[PDB]
**Student:** 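Let me begin by handing over the structure; questions about it come next.
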Protein chains: 4
Amino acid sequence: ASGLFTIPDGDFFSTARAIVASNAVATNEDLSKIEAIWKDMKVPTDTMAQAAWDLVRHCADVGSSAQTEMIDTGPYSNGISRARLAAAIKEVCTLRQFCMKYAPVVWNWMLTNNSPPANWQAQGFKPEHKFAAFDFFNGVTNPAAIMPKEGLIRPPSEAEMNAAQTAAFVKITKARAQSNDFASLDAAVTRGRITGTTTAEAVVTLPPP
Amino acid sequence: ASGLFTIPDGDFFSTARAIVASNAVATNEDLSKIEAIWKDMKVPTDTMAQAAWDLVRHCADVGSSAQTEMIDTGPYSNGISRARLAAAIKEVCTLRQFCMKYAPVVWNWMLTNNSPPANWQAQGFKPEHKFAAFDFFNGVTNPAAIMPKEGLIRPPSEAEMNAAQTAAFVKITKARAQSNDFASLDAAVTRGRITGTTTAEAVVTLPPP
Amino acid sequence: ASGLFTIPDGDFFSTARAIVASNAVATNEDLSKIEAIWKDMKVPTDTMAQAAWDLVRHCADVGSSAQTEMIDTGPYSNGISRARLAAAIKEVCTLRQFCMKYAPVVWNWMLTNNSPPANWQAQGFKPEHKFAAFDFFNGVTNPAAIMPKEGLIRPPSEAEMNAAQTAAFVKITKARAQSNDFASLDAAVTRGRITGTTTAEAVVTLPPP
Amino acid sequence: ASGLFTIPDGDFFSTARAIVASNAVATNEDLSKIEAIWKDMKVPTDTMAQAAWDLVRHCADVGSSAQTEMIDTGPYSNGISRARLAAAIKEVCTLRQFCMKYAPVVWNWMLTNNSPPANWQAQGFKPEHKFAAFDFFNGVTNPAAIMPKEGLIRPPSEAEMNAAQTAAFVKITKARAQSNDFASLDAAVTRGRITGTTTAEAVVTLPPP
RNA sequence: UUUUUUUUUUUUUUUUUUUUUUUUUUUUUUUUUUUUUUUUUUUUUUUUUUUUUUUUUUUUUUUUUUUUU
């Protein structure tokens with residue numbers, strides 16, 4: 001048995017370590033392209049990582065959607081605003097994929113300072129689940145993401161994971177209900193409609209048990 | 001591991017404090033532009049904050065919609081009416097974003113005086129939930145908003161947060177049902193219709209469990 | 001990359017401010033020519049702007065067509081009638097282009113006094129949309145127009161914009177149906193006809209959804 | 001397998017980069033001919049690009065039709081008016097093709113300053129879609145156009161693309177309804193008619209879903 | 001009786017905005033109209049399913065009063 005029919009024997013399992021890569025997280029080729037754009041717009045390379053952690057922490061208070069307006073300037077750039085840092089990222093990967101890379105860093109930072117995501121109440125989270133009230137919360141246990149050196153202070157509880165999956169259903173289905181099913185945006189197909197659906201037909205509910 | 005691949009070590013989590021910024025709350029650049037317009041229409045800078053807190057407290061009795069008619073004059077301007085203060089705000093940010101900034105102030109003010117939002121019964125709130133009967137109630141636990149020095153008297157209960165989310169569904173869906181799906185307001189698309197929908201097709205219900 | 005192939009870098013977007021100019025609004029060269037004619041027919045230069053705002057406010061009660069008869073004299077001229085002020089304007093630009101320049105001023109003036117355009121019922125407007133019942137209502141959000149210092153009291157609602165676009169369809173199509181398609185007004189082409197069309201063939205309808 | 005039957009192997013896909021060219025965007029031969037005319041009418045070559053970006057930004061407030069009257073003079077020429085710059089462009093390519101080349105620049109400029117196209121309300125756009133209210137908005141994601149160095153602040157949303165396609169239908173069909181089907185402009189064919197169509201037969205509607 | 005295989009499990013989409021006011025009266029509730037006739041036959045095949053056509057251009061301005069009931 002050779003070629004693709006080779007049977008592994010036990011030397012492979014004890015020695016080989018798979019480097020984990022994920023397509024929901026910004027790749028190593030993605031992150032090298034961010035650095036080349038960021039250093040060309042004069043982000044200091046001595047605080048390049050802290051400018052990323054500050055941007056993703058701000059992206060836990062607001063969304064990580066491509067339409068999200070970043071607000072202010074962090075203290076680790078040379079006055080480069082967070083909107084300009086995020087616009088450089090969206091040329092390479094999505095903002096959500098970049099934020100998934102730093103999700104354990106932001107999770108530890110929020111749990112150290114006891115500072116939840118800012119709009120947890122507007123998102124409909126209960127106060128006992130408010131630390132899961134950011135998108136890209138799925139990346140906190142993804143091994144392709146940046147894990148801090150001493151690990152997570154606290155893993156996410158099962159109730160926090162439950163609340164995040166429910167909120168992910170509500171936010172994504174509401175965003176799809178504001179979109180359409182039109183396969184083309186030409187007026188021959190859309191007939192000048194945004195959703196192609198009335199207000200009552202677009203109401204999202206999670207059906208009861 | 002350097003650049004964007006730097007692993008945080010624990011010095012960062014104990015020292016760095018993220019200044020919280022939110023795009024649902026009026027920004028610091030927004031508020032500086034309000035002050036320049038307000039002092040030019042001769043609002044006293046010694047009571048500039050109290051004129052804002054009086055306007056947002058009045059915006060808890062009426063809406064914070066852009067179409068809302070402000071009624072009277074507060075005691076902290078130099079006779080500048082609340083409609084003129086709100087019209088200056090709507091040149092910079094939304095009125096709702098300005099009111100979200102002062103939501104914990106208005107929440108403490110209403111709980112101190114035992115004075116709920118004025119039209120809580122018309123909004124369909126039960127009497128035990130009537131203190132949540134304002135829009136921009138989501139901002140009372142947003143850390144980007146102005147928190148008073150000694151804190152909230154009482155946090156919002158879970159039942160108050162439940163009632164506010166339900167009322168937010170009813171008021172927003174009713175406002176969308178009076179709007180249309182028309183992608184253009186030209187008569188070639190609207191065909192001279194406001195909603196493009198009959199009265200029976202526009203009825204909003206929250207489907208039962 | 002130089003010449004017309006130069007890539008903008010971010011210094012341009014933060015520093016350069018485009019002065020907005022519109023060809024639907026009376027230009028700065030247009031308005032300087034109005035002043036030279038108005039001061040030569042002895043309009044007081046101390047109330048030159050108020051004579052314009054009074055004329056455009058009167059042009060919200062009647063049309064801004066070139067055929068419109070202006071009625072009376074405002075209080076800010078030296079007894080110069082509004083028909084003589086409008087005849088001087090029509091030598092330079094259209095009356096509608098002049099009125100578009102002052103559309104936010106007239107919009108604020110009408111909303112302050114609760115005084116809608118005078119013939120809103122004859123125009124077929126519903127009472128809840130009657131403040132949009134003037135032509136040149138499109139200019140109220142045009143940034144080339146004169147914006148008052150503290151801003152609009154209320155922006156136009158979506159239903160008001162819908163009603164204005166529908167009324168613009170009806171009034172313009174009815175005016176075209178009283179015109180012709182004749183490419184020349186010589187009797188060899190027109191054959192002594194005004195519209196070249198019967199009464200039944202000239203009926204305007206907005207086709208139903 | 002050689003000649004036109006050669007099978008690509010994977011070296012071609014990893015190495016070759018196609019330079020994108022579009023016939024809806026002004027070509028590199030087009031732009032070199034603009035520069036030769038612009039420098040001969042003494043446009044400064046140190047601000048040749050900024051004079052183009054100022055002209056296209058003004059062409060987002062007014063149209064990019066060949067019949068469009070440009071209004072004023074930008075600050076980056078040596079007093080050369082925008083009408084003279086546009087007349088030089090129309091000798092080489094269309095004004096719309098030139099403006100498509102700088103559509104991401106104008107898109108970033110408008111989103112930085114929060115300054116929409118000036119006549120968005122007259123075009124029938126809803127306020128939530130008003131940043132798409134220019135023609136040549138199709139060029140903002142065309143890779144043949146000039147992309148700024150740090151990228152777009154925000155990509156166009158799906159609802160903005162929907163509104164632009166609907167407005168493109170309405171404006172182009174209305175312009176065709178004012179034209180004719182006559183195959184020749186000689187009076188033997190046109191019979192002295194502009195459209196060859198009555199007013200009621202020329203009404204444009206987008207048929208309802 | 002037949003129907004129980006395979007395929008389909010990735011990404012993307014989670015921001016903002018929208019929550020005011022107005023609209024809640026009156027009128028409209030009778031009578032008439034309910035039968036008969038019409039239900040069959042015929043018509044179910046063949047042929048027609050390829051290519052071609054998808055670019056560009058066209059999106060500004062002007063026209064919205066009065067009169068006519």
Side-chain angles (χ1 to χ4, degrees), chain C residues 1-10 12-14 16-25 27-29 100 137-144 155-156 158 161 164-165 168-169 173-174 176-184 186 188-190 195-197 201-209, chain D residues 26 28 31-32 34-35 38 45 48-50 52-54 57-58 61-63 68-72 74-75 82 101 105 108-113 115-116 118-124 126-127 130 146-150 153 187 190-200 202-203 205 207-208:
Chain C
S2 69
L4 287 183
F5 299 97
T6 301
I7 293 177
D9 50 50
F12 183 80
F13 297 122
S14 21
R17 291 272 157 163
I19 297 166
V20 146
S22 172
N23 55 359
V25 181
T27 65
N28 301 331
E29 146 190 37
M100 284 274 286
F137 170 80
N138 289 162
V140 292
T141 63
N142 199 313
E158 183 187 305
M161 285 165 180
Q165 290 278 332
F169 171 81
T173 314
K174 277 195 202 160
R176 288 184 191 170
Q178 291 178 323
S179 176
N180 51 71
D181 198 44
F182 275 149
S184 176
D186 193 86
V189 192
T190 73
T195 71
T197 286
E201 294 163 345
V203 166
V204 167
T205 49
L206 189 40
Chain D
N28 301 331
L31 289 192
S32 296
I34 310 295
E35 293 212 52
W38 276 15
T45 164
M48 183 91 56
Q50 286 92 343
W53 307 337
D54 164 84
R57 177 63 189 90
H58 171 66
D61 295 322
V62 305
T68 315
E69 175 194 349
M70 308 283 108
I71 288 310
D72 271 319
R82 291 193 265 249
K101 181 62 168 186
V105 181
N108 264 292
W109 198 359
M110 290 193 314
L111 287 191
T112 312
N113 292 343
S115 142
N119 61 338
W120 66 264
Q121 185 197 326
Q123 289 175 68
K126 280 173 169 175
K130 69 178 166 275
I146 297 292
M147 175 73 37
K149 175 168 150 282
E150 331 184 337
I153 288 168
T190 73
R191 290 153 165 265
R193 297 306 210 261
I194 292 288
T195 71
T197 286
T198 65
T199 307
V203 166
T205 49

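A note on names: the letters A, B, ... follow the listed sequences, proteins ahead of strands, and every chain is numbered from 1. Basis for what follows: all heavy atoms, side chains included, without hydrogens, waters or symmetry-related copies.
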**Student:** In sequence, state the C-alpha distance, the side-chain angles, and the governing distance for D:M48 and C:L4, and then conclude on side chain to side chain contact (heavy atoms under 4.5 Å, CB included).
**Tutor:** CA-CA 6 Å; D:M48 183 91 56; C:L4 287 183; 3.8 Å; yes
**Student:** Which region of C:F5, side chain (C-beta onward) or backbone (N, CA, C, O), has a non-hydrogen atom less than 4.5 Å from a non-hydrogen atom of chain D, or is it both or neither?
**Tutor:**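 Contact with chain D is through both the backbone and side chain of C:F5.
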**Student:** Taking the side chain as everything from C-beta on, heavy atoms only, tell me whether C:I19 gets closer than 4.5 Å to D:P75.
**Tutor:**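 A side-chain contact is absent here, since even the closest heavy-atom pair is not under 4.5 Å.
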**Student:** With sequence neighbours left out, write down each residue that passes ring-ring contact (aromatic ring centres under 6.0 Å, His included) with D:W109, or none if nothing qualifies.
**Tutor:**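 By the ring-ring contact (aromatic ring centres under 6.0 Å, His included) rule, D:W109 matches C:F12.
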**Student:** Sort C:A177 into side chain, backbone, both or neither according to what part of it lies under 4.5 angstrom from a heavy atom of chain D.
**Tutor:**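 Contact with chain D involves both backbone and side-chain atoms of C:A177.
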**Student:** Just by modelled atom types, is the D:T195 backbone N or O under 3.5 Å from a matching donor or acceptor in the C:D181 side chain?
**Tutor:**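 Yes; judged by distance alone, with no hydrogens or angles, the pair exists.
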**Student:** So which part of D:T205 gets closer than 4.5 Å to some heavy atom of chain C, the side chain, the backbone, both or neither?
**Tutor:**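 Only the side chain of D:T205 comes within 4.5 Å of chain C.
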**Student:** Given that the side chain runs from C-beta out, which part of C:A21 has a heavy atom under 4.5 Å from chain D: side chain, backbone, both or neither?
**Tutor:**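 Both backbone and side chain.
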**Student:** I need the C:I7 CD1 to D:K149 NZ distance, nearest 0.5 Å.
**Tutor:**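 Atom-to-atom, C:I7:CD1 and D:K149:NZ are 9.5 Å apart.
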**Student:** Sub-3.5 Å donor-acceptor pair from the side chain of D:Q121 to the main-chain atoms of C:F137, do we have one?
**Tutor:**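 Answer holds: yes.
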**Student:** Heavy-atom distance under 4.5 Å to chain C: side chain of D:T197, backbone, both or neither?
**Tutor:**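 Interface part for D:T197: backbone (N, CA, C, O).
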**Student:** Exactly one of D:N113, D:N108, D:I153 should register a side-chain contact (heavy atoms from CB on, under 4.5 Å) with C:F13. Which one does?
**Tutor:**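 It is D:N108, the one option of D:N113, D:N108, D:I153 that forms the side-chain contact (heavy atoms from CB on, under 4.5 Å) with C:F13.
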**Student:** Checking D:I71 against chain C: side chain, backbone, both or neither under 4.5 Å from a heavy atom?
**Tutor:**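 The side chain, not the backbone.
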**Student:** Only counting residues at least two apart or in another chain, list the ones meeting side-chain contact (heavy atoms from CB on, under 4.5 Å) with C:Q178.
**Tutor:**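 With neighbours one apart ignored, the set is empty.
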**Student:** Considering only heavy atoms, which portion of C:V140 lies under 4.5 Å from any heavy atom of chain D: side chain, backbone, both, or neither?
**Tutor:**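 Interface part for C:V140: both.
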